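Have a look at the structure below, then the notes.
The sequence lines fix the lettering, A, B, ..., with proteins before strands; numbering per chain opens at 1. Values reported hereafter were calculated over all heavy atoms of this structure, with side chains retained and with hydrogens, waters and symmetry mates removed.
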Number of protein chains: 2
Amino acid sequence: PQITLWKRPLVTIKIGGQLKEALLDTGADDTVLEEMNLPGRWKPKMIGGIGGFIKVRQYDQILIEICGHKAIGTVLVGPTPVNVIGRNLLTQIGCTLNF
Amino acid sequence: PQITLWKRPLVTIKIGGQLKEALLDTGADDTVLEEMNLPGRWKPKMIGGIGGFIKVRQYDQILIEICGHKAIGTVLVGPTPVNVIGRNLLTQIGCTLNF
Ligand SMILES: CC[C@H](C)CN(C[C@@H](O)[C@H](Cc1ccccc1)NC(=O)O[C@H]1CO[C@H]2OCC[C@H]21)S(=O)(=O)c1ccc(N)cc1
């Protein structure tokens, strides 16, 4: 589809058998999701933006479905104020910027 | 143009007669630039990102050309990790997400 940017580009996603809302964020290198208790191992990470850094848990090879488009890659989990789909997964669904 | 997301969507902008690089950031409501001298009146505001809130200077009705496309809108100036072009200007240049 085509998504205009008059409002936040929020879409439904499916991850670990849960449905959530997340932003398609070209400014996010990597996907970051609200605190959720995912299974399996993980590595600590720190990600920075406006205001400083937050600590997150990095899971790899996580399967996510975004508007029926499947992807699999890194998902960071932590106390983020918003769920964002980052470039690492936006590439996998063929998402482009156009003007 | 069409911009894929395998790398950061960085583009050259012209503001206050100066060239700079900036990130097209669909996850930003607002446009936030690193510290710089801008002619015009400004107002103190706060803006919050993933890591908390920062102090910025709000410049209204600023002319800014993004990748050869003119926009006139609000520009926040402050200690952001990187220049980001947010939706308030992305809408002006006709930018959409497509997959
Ligand atoms: C360094 C590039 C850019 C700032 C990075 N950010 C993504 C960005 O889209 C955030 C994503 C974001 C959206 C909402 C809350 C917190 C972060 N937007 C943002 O900070 O925008 C601010 C400016 O406009 C305002 O509207 C939104 C907040 C204000 S981020 O949230 O900090 C981020 C950093 C690393 C990863 N892997 C994923 C996300």
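- Pairs engaging residues 89-99 of chain B under the salt bridge (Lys or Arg N to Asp or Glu O under 4.0 Å) rule: none recorded [sequence neighbours left out].
- Closest approach of B/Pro79 and B/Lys55 over heavy atoms only: CD-O, 3.4 Å.
- Using a 4.5 Å cut-off on side-chain heavy atoms (C-beta onward), A/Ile54 and A/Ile47 make contact.
- For residues 85-99 of chain B, the pairs satisfying salt bridge (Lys or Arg N to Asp or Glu O under 4.0 Å) are B/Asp29-B/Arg87, with sequence neighbours left out.
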Notebook entry, point to check: Hey, mind stepping through A/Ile13 and A/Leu33 against side chain to side chain contact (heavy atoms under 4.5 Å, CB included) and telling me if it holds?
Noted result: CA-CA 11 Å; A/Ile13 68 175; A/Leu33 298 183; 3.9 Å; yes
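- Every residue was checked against the ring pair (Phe, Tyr, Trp, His ring centres under 6.0 Å) condition with A/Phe53, not counting sequence neighbours, and none meets it.
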Next item on the list: Apply side-chain hydrogen bond (donor to acceptor under 3.5 Å, both in side chains) to the pair A/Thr12 and A/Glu21, showing each step before the final yes or no.
Entry: CA-CA 5 Å; A/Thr12 306; A/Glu21 297 299 278; 2.6 Å; yes
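- Here the shortest heavy-atom pairing between A/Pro81 and B/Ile50 reads CD-O, 4.0 Å.
- In this structure, the separation between CG on B/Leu10 and CG on B/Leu23 is 5.5 Å, given to the nearest 0.5 Å.
- Under the salt bridge (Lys or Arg N to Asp or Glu O under 4.0 Å) criterion, A/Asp30 pairs with A/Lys45, not counting sequence neighbours.
- Residues satisfying the side-chain contact (heavy atoms from CB on, under 4.5 Å) test with B/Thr91, not counting sequence neighbours, are A/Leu5, A/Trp6.
- Nearest heavy atom pair, residue B/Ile62 against residue B/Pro39, reads CD1-O, 4.2 Å.
- Nearest heavy-atom pair, A/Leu97 versus B/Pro9, reported as atom, atom and distance to 0.1 Å: CD1-CB, 3.9 Å.
- Scanning for side-chain contact (heavy atoms from CB on, under 4.5 Å) contacts around A/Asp25 gives A/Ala28, A/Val84, B/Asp25, B/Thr26, with sequence neighbours left out.
- Between A/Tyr59 and A/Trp42, the two ring planes are tilted [angle within 30° to 60°].
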Next item on the list: Evaluate the side chain to side chain contact (heavy atoms under 4.5 Å, CB included) criterion for residues B/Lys20 and B/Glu34: first the C-alpha distance (whole Å), next the side-chain angles of each, then the deciding distance (0.1 Å), finally the verdict.
Entry: CA-CA 10 Å; B/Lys20 292 182 191 242; B/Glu34 297 185 282; 5.7 Å; no
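- A distance of 6.5 Å separates CD1 in B/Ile85 from CG in B/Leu24, rounded to the nearest 0.5 Å.
- Between the CG atom of A/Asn88 and the CD1 atom of A/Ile64 there is a distance of 8.0 Å, given to the nearest 0.5 Å.
- Annotation: the span from B/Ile72 atom CD1 to B/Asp60 atom CG amounts to 12.5 Å, rounded to 0.5 Å.
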Next item on the list: Please step through side chain to side chain contact (heavy atoms under 4.5 Å, CB included) for the pair A/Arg57 and A/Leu38, ending with a clear verdict.
Entry: CA-CA 10 Å; A/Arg57 305 191 302 279; A/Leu38 278 170; over 6 Å; no
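- To the nearest 0.5 Å, atoms CG (A/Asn98) and CD1 (B/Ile3) are separated by 8.0 Å.
- Atom CD of B/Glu35 is surrounded by more than 12 heavy atoms from other residues, nucleotides or ligands within 6.0 Å.
- Put simply, OG1 on B/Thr96 and CG on B/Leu90 are 10.5 Å apart, with the number rounded to the nearest 0.5 Å.
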